[PDB]
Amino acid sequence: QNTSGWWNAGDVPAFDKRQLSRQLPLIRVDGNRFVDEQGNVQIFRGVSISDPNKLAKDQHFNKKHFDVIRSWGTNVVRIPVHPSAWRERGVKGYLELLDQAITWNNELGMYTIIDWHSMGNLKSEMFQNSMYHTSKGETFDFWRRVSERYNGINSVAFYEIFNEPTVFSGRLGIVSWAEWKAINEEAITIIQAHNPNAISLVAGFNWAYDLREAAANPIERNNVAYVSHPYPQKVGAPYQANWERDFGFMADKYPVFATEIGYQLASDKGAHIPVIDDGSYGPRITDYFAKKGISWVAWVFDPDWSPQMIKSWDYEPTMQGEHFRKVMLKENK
């Protein structure tokens, strides 16, 4: 942290919007669903890239990477900004990556989710791992900078406050839904004061799985949607009834953006709980979300991070890539 940390970074040059030729339709929350300016329901079906910091190191942070994503039918790209990578590149250096990613998405007709990709208990400052480490100050500062910088770019529609809240059964300490609600409310006040049209994606606990505590005491802000990460082994059979109880019912009251789903075989690279399945979860979760009108983002247009959507940098789809591509090609554009 010279002039690269959130608390000491210099003036940051504004984003030059003369790189953009495209203004996608403005999305807003209307009760239960996302709608455009005509009140037509929008459903988003897309992919997470890996952290731009990793893409740039791997030499695949280029237009071709984003053209392939678009060619899969993708109408939304999720950008998981790891606070670790934000510190490694510094504020200025990281915003150059994020500007370029957003430019490529925008020109290809794809909406963006900016995801502050942490994991654990922000209030108590206990994270799954050092790569997720952040603070309330750094988190608020990030949302202050990106909400202002991308204000008026309709394609940058969604602001995902904090990827995966969890206390890991007390290993990461204690936080009530009430305390988490207050932190989300402050983050959304920051976002809306810089960016009147920003939609905010709010998560509950058990790694952004549960929405029952959210439903009982919802975020008192406009333009809010609720996140779940219903990975294959978060619950067992019967799947649809369990999903409905835990998060799906929330789609009746607010839009639900399942910002991570994915799956691979127990034999596939980096296979771990809760991402292991025989392949039946793919159609099951996709069909469930079609019945419910739920937006979703498959985890990870990357050949290294698990579960993989692509087998290598030749961009051949994996089992999960094949399935999500088929659904995005049929049901999106």
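In this text, residue numbers run from 1 along the sequence as written.
The mean Cα B-factor in the deposited entry runs higher for 30-38 than for the other of 297-305 and 30-38. Taking the PDB entry as given, 16-24 carries the higher mean Cα B factor of the two stretches 16-24 and 310-318. You'll see in the entry that, of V81, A215, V156, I191, the Cα B factor peaks at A215.
Of the candidates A237, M119, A85, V202, the PDB record gives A237 the highest C-alpha temperature factor. Among the modelled residues of the chain, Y288 sits in the lowest third by CA temperature factor in this PDB entry.
When the modelled residues of the chain are ordered by C-alpha B-factor, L265 sits in the middle third. Sort the modelled residues of the chain by CA B factor and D67 lands in the middle third. When the CA B factors of the chain's modelled residues are split into thirds, the value for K181 lands in the middle one.
Sort the modelled residues of the chain by CA B factor and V47 lands in the lowest third.
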